[PDB]
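Peer 1: Quick one: the structure is below, questions incoming.
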Amino acid sequence: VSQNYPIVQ
Amino acid sequence: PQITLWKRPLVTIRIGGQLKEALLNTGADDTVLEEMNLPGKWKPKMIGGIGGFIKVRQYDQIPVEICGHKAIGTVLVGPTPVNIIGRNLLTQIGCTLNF
Amino acid sequence: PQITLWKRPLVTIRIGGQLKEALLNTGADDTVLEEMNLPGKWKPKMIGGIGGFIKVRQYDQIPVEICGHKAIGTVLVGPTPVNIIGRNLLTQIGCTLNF
Numbered sequence: 001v002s003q004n005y006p007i008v009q
Numbered sequence: 001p002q003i004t005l006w007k008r009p010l011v012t013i014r015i016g017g018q019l020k021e022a023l024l025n026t027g028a029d030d031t032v033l034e035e036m037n038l039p040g041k042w043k044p045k046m047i048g049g050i051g052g053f054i055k056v057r058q059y060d061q062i063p064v065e066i067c068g069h070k071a072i073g074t075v076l077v078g079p080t081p082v083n084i085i086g087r088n089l090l091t092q093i094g095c096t097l098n099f
Numbered sequence: 001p002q003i004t005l006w007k008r009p010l011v012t013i014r015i016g017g018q019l020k021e022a023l024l025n026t027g028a029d030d031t032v033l034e035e036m037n038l039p040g041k042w043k044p045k046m047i048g049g050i051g052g053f054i055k056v057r058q059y060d061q062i063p064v065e066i067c068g069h070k071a072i073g074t075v076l077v078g079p080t081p082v083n084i085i086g087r088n089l090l091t092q093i094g095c096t097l098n099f
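Protein chains in written order, with the entry's author numbering: chain P, 1 to 9; chain A, 1 to 99; chain B, 1 to 99.
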């Protein structure tokens, strides 16, 4: 499964 | 080039001769863009992020142009906090992490 | 080193007398680790990405050792599906993107 971890506050 | 991480590595890309700013994400498997209009047919897909799974639209073989660099891969269009250029394309342009 | 991106840039770090795998994520602003025990006072915070938001605990000046180098900063600890080393610690170890 396609994993995409951008993170924003 | 060689971009530092003192600030979000946001560069510009011309997806299908159209300009939109996106983030270079070594933490993403694919390239995800916020509601955009690409032609051709598409397959719905499920991808996962920090919070769970979401439904995104899939387009195959779209010509992307990251900082004067030619790349042709799969772009996903769906709700995403920011536009993202994932490893799927970053590789095609010989991008690497060095420290 | 020179991490190529044809596969998740996972590396080994060392924090609180523990070895753990983390992801070199240039797409994250802070550093989020899976639930664990760190010493000191921490404050709440909501961080979000694709999929939603999760409440984390923020600890400051925590000494980390990314795949071989020193680096103390801010480590957020919460229900993250994977450990992530953000741009806050990546810069401290002089990390960059080159394509």
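Don't be surprised by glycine CBs; every beta carbon is placed ideally from N, CA and C.
Does the CB of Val-8/P have a neighbour CB from chain B at under 8 Å?
Peer 2: Within the first sequence, the letter at position 8 stands for residue 8/P. Output row for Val-8/P: interface = yes.
Peer 1: Determine the contact status of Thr-80/A and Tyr-59/A, defining contact as a CB-CB distance below 8 Å.
Peer 2: Residue numbering aside, residue 80/A sits at position 80 when the second sequence is read from its first letter. Residue numbering aside, residue 59/A sits at position 59 when the second sequence is read from its first letter. Cβ atoms of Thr-80/A and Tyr-59/A: not closer than 8 Å.
Peer 1: Would you call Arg-87/A buried or exposed, if buried means 16 or more other Cβ atoms sit within 10 Å of its Cβ?
Peer 2: By one-based count along the second sequence, residue 87/A stands at place 87. By the 10 Å Cβ count, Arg-87/A comes out buried.
Peer 1: What is the rounded straight-line gap between the Cα of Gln-18/A and the Cα of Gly-78/A?
Peer 2: Locating residue 18/A in the second sequence gives position 18, where the first residue counts as 1. Locating residue 78/A in the second sequence gives position 78, where the first residue counts as 1. Using only the alpha carbons, I get a separation of about 18 Å.
Peer 1: Distance, Cα to Cα, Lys-70/B vs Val-64/B?
Peer 2: Taking the first residue of the third sequence as position 1, residue 70/B is located at position 70. Taking the first residue of the third sequence as position 1, residue 64/B is located at position 64. Spanning the two alpha carbons is a distance of roughly 6 Å.
Peer 1: Taking only three categories from DSSP, how would you classify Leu-5/B?
Peer 2: One-based indexing of the third sequence puts residue 5/B at position 5. DSSP places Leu-5/B in coil when its eight states are reduced to three.
Peer 1: Taking Cβ positions only, does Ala-28/A come closer than 8 Å to chain B?
Peer 2: Sequence index remark: in the second sequence, residue 28/A carries index 28 (1-based). Output row for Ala-28/A: interface = yes.
Peer 1: Would you kindly report the start and end of the unbroken alpha helix (DSSP H) that includes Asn-88/A?
Peer 2: In the second sequence, residue 88/A corresponds to position 88, counting from 1. Element bounds for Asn-88/A: 87 to 90.
Peer 1: Cβ closer than 9 Å: which chain A residues qualify as neighbours of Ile-3/B?
Peer 2: As a position in the third sequence, residue 3/B is number 3, starting the count at 1. The contacting residues are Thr-26, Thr-96, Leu-97, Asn-98 and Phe-99.
Peer 1: At least one CB of chain A closer than 8 Å to the CB of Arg-14/B: is that the case?
Peer 2: The residue you call residue 14/B lines up with position 14 of the third sequence. Interface annotation, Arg-14/B: not in contact with chain A, CB-CB separation never under 8 Å.
Peer 1: Below 8 Å on C-beta distance, what does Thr-91/B contact in chain A?
Peer 2: Locating residue 91/B in the third sequence gives position 91, counting from the first residue. Result: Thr-4, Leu-5 and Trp-6.
Peer 1: Taking 8 Å as the threshold (C-beta atoms), are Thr-31/A and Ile-3/B in contact?
Peer 2: Residue numbering aside, residue 3/B sits at position 3 when the third sequence is read from its first letter. Residue numbering aside, residue 31/A sits at position 31 when the second sequence is read from its first letter. In this structure, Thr-31/A does not lie closer than 8 Å to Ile-3/B by Cβ.
Peer 1: Taking C-beta pairs closer than 7 Å, name the residues in chain P that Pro-81/A reaches, listed in chain order.
Peer 2: For the purposes of this step, residue 81/A is taken as residue 81 along the second sequence, with counting starting at 1. In chain order: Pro-6 and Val-8.
Peer 1: Starting from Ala-28/B, follow the beta strand (DSSP E) in both directions and report where the run begins and ends.
Peer 2: By 1-based counting over the third sequence, the position of residue 28/B is 28. First-last for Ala-28/B: undefined, no H or E at that position.
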